[PDB]
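Here's the structure we're looking at; comments come further down.
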Amino acid sequence: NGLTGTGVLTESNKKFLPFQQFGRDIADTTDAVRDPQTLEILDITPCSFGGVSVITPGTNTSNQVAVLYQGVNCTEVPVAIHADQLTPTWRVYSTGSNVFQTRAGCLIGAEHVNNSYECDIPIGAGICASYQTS
Amino acid sequence: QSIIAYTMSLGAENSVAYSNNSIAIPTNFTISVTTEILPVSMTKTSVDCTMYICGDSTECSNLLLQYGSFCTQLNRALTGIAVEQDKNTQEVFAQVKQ
Amino acid sequence: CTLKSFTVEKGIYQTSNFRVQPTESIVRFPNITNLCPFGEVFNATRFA
Amino acid sequence: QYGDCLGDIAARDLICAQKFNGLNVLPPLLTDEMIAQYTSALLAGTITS
Amino acid sequence: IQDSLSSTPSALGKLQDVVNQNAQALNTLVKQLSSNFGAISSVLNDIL
Ligand SMILES: *[C@@H]1O[C@H](CO)[C@@H](O[C@@H]2O[C@H](CO)[C@@H](O[C@@H]3O[C@H](CO)[C@@H](O)[C@H](O)[C@@H]3O)[C@H](O)[C@H]2NC(C)=O)[C@H](O)[C@H]1NC(C)=O
Ligand SMILES: *[C@@H]1O[C@H](CO)[C@@H](O[C@@H]2O[C@H](CO)[C@@H](O)[C@H](O)[C@H]2NC(C)=O)[C@H](O)[C@H]1NC(C)=O
Ligand SMILES: *[C@@H]1O[C@H](CO)[C@@H](O[C@@H]2O[C@H](CO)[C@@H](O)[C@H](O)[C@H]2NC(C)=O)[C@H](O)[C@H]1NC(C)=O
Ligand SMILES: *[C@@H]1O[C@H](CO)[C@@H](O)[C@H](O)[C@H]1NC(C)=O
Ligand SMILES: *[C@@H]1O[C@H](CO)[C@@H](O)[C@H](O)[C@H]1NC(C)=O
Ligand SMILES: *[C@@H]1O[C@H](CO)[C@@H](O)[C@H](O)[C@H]1NC(C)=O
């Protein structure tokens, strides 16, 4: 009905009154809408995932990299980042199988060892990373 | 019960007797424990410019990329603050090696 | 790209949003049948 | 957690809203357990040595 | 000492503001997103 927006839509359960047609956020942006034809309610959600941090051991030594997804549980990382909608080079770091779960989120591109050295490249929540032995 | 306005008090006056030939010496003592509180670290934070300013729109990002080296500077500043916080905590607490 | 350099040292880095994703378009409109009578105004025999 | 924001807990309780716009809060390096361990070590050293 | 920390709540005020003020500042930022800044309307996609 002229409301122009960009984001995924989901079936909602909000308790609209019969005379209402919008829904607003704390920042006062459109959040829920009602279909003009049939009386159903939709919740919107933006598509960017402000997010991922990148860990490198320095380009002067190696080009390998690791990625930390912040505050997202990595059972649903493919869904939350839209892995199937991106280039395969991103799907490589999405899939992983070198998947570690940390309090800060989920880390991909490194292996977890029991023995504990000093800290080399800080990460957080008590976890550090480093580049070594190939 | 009501609200009242007044000139506040400076404390309790207690004059001390002074003389050129007399001294005062204690006989008993006591032990006290006092508490003081010091802040150390503040909350880290980080901002993504393309998300905040030009949220998921192609035209806005295209116009923004010509401005360029603004949110890079912001990222550098916030990174400095974030690292400095951990530096403060490590300095104040990790004092003993063993 | 974010740091605008060809060299990068150690340490964690924060990245902006640069990935490009295609997106479809959807439009929803209500039922409507009759036509607007703009011609009647435009074909008025006399203007006040 | 982001999964909490995906669902319907309190309809964007002012933390999910500030995370959907790019703003983020980052972990401290040392959790409370390590700090408590340092504190206990210092206290024990003081009372013994 | 225990009683004091269990009785005088404001004794920890020095550690409370360092939180509250922080949050307040950040909140203001989000509200500034609703500003118009001299354009037709604050919604970007709308005028787009
Ligand atoms: C220096 O000051 C201290 C602190 O007041 C004096 O110790 C106190 O001495 C009195 C009397 O000797 C104690 O009171 C007694 O308590 C017992 C119960 O334990 C009761 O049965 C007695 O009838 C009497 O009331 C008091 O408890 C004690 N203080 C503490 C903390 O134990 C000390 O005597 C003073 N020294 C000099 C040289 O004056
Ligand atoms: C990701 O989600 C799963 C399930 O939603 C979490 O798995 C459970 O986590 C709880 C922690 O409260 C454990 O007590 C259970 O044993 C876990 N069950 C299984 C089957 O794994 C998982 O912890 C979440 N990841 C986090 C929180 O990092
Ligand atoms: C006019 O709007 C009505 C809304 O109820 C449409 O009627 C129903 O639309 C749903 C769409 O989900 C169909 O499943 C039903 O079969 C429709 N029922 C009837 C009795 O039509 C209706 O289709 C709209 N008009 C047109 C021309 O599509
Ligand atoms: C790595 O650092 C050394 C330091 O002397 C420098 O000479 C070298 O050029 C750097 N590597 C590259 C690829 O520039
Ligand atoms: C750590 O110890 C556990 C305990 O048996 C073991 O299952 C695991 O494989 C060990 N991991 C490493 C990296 O040594
Ligand atoms: C009425 O307006 C329409 C314009 O679309 C056109 O048919 C004509 O200009 C006018 N007169 C008649 C007789 O249609």
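Labels used: A, B, ... for chains in the order of the structure tokens, numbers from 1 for residues in each chain, and numbers from 1 for ligands as shown.
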Exercise. Please give me, as a ChimeraX atom specification, the residues lying within 7 Å of ligand 5 when counting only C-alpha atoms and all ligand atoms.
Key: /A:112-115
Exercise. Residues of chain B near chain D: apply a cut-off of 7 Å, count only C-alpha atoms, and supply the list as a PyMOL selection string.
Key: chain B and resi 44-48+51-52+86
File dump, residues just selected, N, CA and C atoms, as a tab-separated table (two decimals), in the first residue's frame:
```tsv
chain	number	residue	atom	x	y	z
B	44	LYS	N	33.16	-2.04	26.34
B	44	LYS	CA	33.62	-1.94	24.97
B	44	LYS	C	32.44	-1.73	24.03
B	45	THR	N	32.74	-1.26	22.82
B	45	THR	CA	31.71	-1.10	21.81
B	45	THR	C	32.36	-1.00	20.44
B	46	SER	N	31.54	-1.16	19.40
B	46	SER	CA	32.01	-1.07	18.03
B	46	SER	C	30.82	-0.78	17.12
B	47	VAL	N	31.07	0.00	16.07
B	47	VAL	CA	30.02	0.49	15.19
B	47	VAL	C	30.37	0.14	13.76
B	48	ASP	N	29.34	-0.21	12.98
B	48	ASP	CA	29.46	-0.49	11.56
B	48	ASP	C	28.79	0.65	10.80
B	51	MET	N	25.98	-0.03	7.94
B	51	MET	CA	24.70	-0.42	8.53
B	51	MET	C	23.94	0.78	9.07
B	52	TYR	N	24.60	1.60	9.89
B	52	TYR	CA	23.88	2.67	10.57
B	52	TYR	C	23.43	3.75	9.60
B	86	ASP	N	41.07	-3.41	28.10
B	86	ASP	CA	41.74	-4.62	28.54
B	86	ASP	C	43.12	-4.31	29.10
```
Quick one: which chain E residues come within 12 Å of chain D, and what is the nearest atom pair for each with the distance in Å to one decimal, counting only C-alpha atoms, rows ordered by chain and ascending number, as CSV?
```
residue,atom,partner,partner_atom,distance
E:22,CA,D:25,CA,11.4
E:23,CA,D:15,CA,10.1
E:24,CA,D:14,CA,11.3
E:26,CA,D:18,CA,8.4
E:27,CA,D:18,CA,7.9
E:28,CA,D:18,CA,10.7
E:29,CA,D:18,CA,9.2
E:30,CA,D:18,CA,6.8
E:31,CA,D:18,CA,10.1
E:33,CA,D:21,CA,9.5
```
Quiz prompt | Distance filter 6 Å, only C-alpha atoms, chain A against chain C, as a PyMOL selection string | solution = chain A and resi 1+36-37+53-59+121
Exercise. Mind the document's chain letters and residue numbers, and return as a ChimeraX atom specification the residues of chain C that DSSP labels helix (DSSP H, G or I).
Key: /C:38-42
Emit the selected residues as a compact mmCIF listing (two decimals), in the first residue's frame, including N, CA, C and O atoms.
```
# COMPACT_ATOMS: atom_id res chain seq x y z
N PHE C 38 -11.63 11.31 -13.67
CA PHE C 38 -10.85 12.50 -13.99
C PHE C 38 -11.30 13.13 -15.30
O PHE C 38 -11.27 14.36 -15.44
N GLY C 39 -11.72 12.31 -16.27
CA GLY C 39 -12.16 12.85 -17.54
C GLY C 39 -13.35 13.77 -17.41
O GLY C 39 -13.47 14.76 -18.13
N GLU C 40 -14.26 13.46 -16.47
CA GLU C 40 -15.43 14.30 -16.27
C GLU C 40 -15.04 15.73 -15.90
O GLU C 40 -15.62 16.69 -16.41
N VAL C 41 -14.05 15.87 -15.02
CA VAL C 41 -13.51 17.20 -14.74
C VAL C 41 -12.80 17.75 -15.96
O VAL C 41 -12.96 18.93 -16.31
N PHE C 42 -12.02 16.92 -16.65
CA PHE C 42 -11.28 17.40 -17.81
C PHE C 42 -12.19 17.66 -19.00
O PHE C 42 -11.81 18.41 -19.91
```
Exercise. Using only C-alpha atoms and all ligand atoms, find each residue with an atom at most 7 Å away from ligand 1 and format the answer as number ranges by chain.
Key: B: 27-29
